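For ligands, and for the atoms within them, numbers begin at 1 and follow the listed sequence. Position 1 is the first residue of the sequence; numbering continues from there. Hydrogens, waters and symmetry mates play no part in the numbers below; they use all other heavy atoms, side chains included.
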Amino acid sequence: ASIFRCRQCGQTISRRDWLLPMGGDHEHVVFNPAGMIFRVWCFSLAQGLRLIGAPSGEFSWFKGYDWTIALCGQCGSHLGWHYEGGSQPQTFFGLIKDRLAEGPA
Ligand SMILES: Nc1cccc(SC[C@H]2CCC(=O)NC2=O)c1
Ligand SMILES: [Zn+2]
């Protein structure tokens, strides 16, 4: 249990080694304006994604960061968001834990 893959197609996305404790925790439970709850895991790094649109600061769960939607680059599954424009770190990924599958490298 050290690699994260897209639950829908198996695309390589991230690693347990790349977990990032933003505000002292890698897990953040958050709600969007449509009331959907997400268990978000923060990663320093991810791969195999496709970032859609231009960054937005509106409704950001992380103060000082703008977000872009992150799809699975293979199947188009919505896996979370890329954050940028902030400080320490400048960028990171917030990925939806239940849309990933954890397993061996
Ligand atoms: N109106 C509307 C309907 C669905 C979603 C949204 S923004 C969705 C996410 C983006 C990432 C973030 O940090 N906060 C959010 O809330 C806005
Ligand atoms: Zn996928």
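- Looking at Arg99 and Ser77, their side chains never bring a donor and an acceptor atom within 3.5 Å of each other.
- The protein non-hydrogen atom at the shortest distance from atom 7 (S) of ligand 1 is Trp67 CZ2, 3.8 Å.
- The six-membered or imidazole ring of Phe92 lies near that of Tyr65, with a centre-to-centre distance under 6.0 Å.
- Among protein heavy atoms, the minimum distance from atom 6 (C) of ligand 1 is reached at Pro33 CD, 3.6 Å.
- Here the heavy atom of the protein found nearest to atom 13 (O) of ligand 1 is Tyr83 OH, 2.8 Å.
- Remark: side-chain polar atoms of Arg15 are not paired, donor with acceptor, to backbone N or O of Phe4 under 3.5 angstrom.
- Looking at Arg16, its side chain never comes within 3.5 Å of a backbone N or O of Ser2 through a donor-acceptor pair.
- Distances between N or O atoms of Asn32 and those of ligand 1 include no value under 3.5 Å.
- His28 places a side-chain N or O within donor-acceptor distance of the main-chain N or O of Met22, the cut-off being under 3.5 Å.
- Of the possible donor and acceptor atoms, one in the side chain of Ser14 sits under 3.5 Å from a partner among the backbone N and O of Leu45.
- Scanning the protein heavy atoms around atom 14 (N) of ligand 1, the nearest turns out to be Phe59 O, 2.8 Å.
- The shortest N or O to N or O distance between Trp61 and ligand 1 is below 3.5 Å.
- The angle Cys6:SG - the Zn ion (ligand 2) - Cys75:SG amounts to 110°, with values rounded to 10 degrees.
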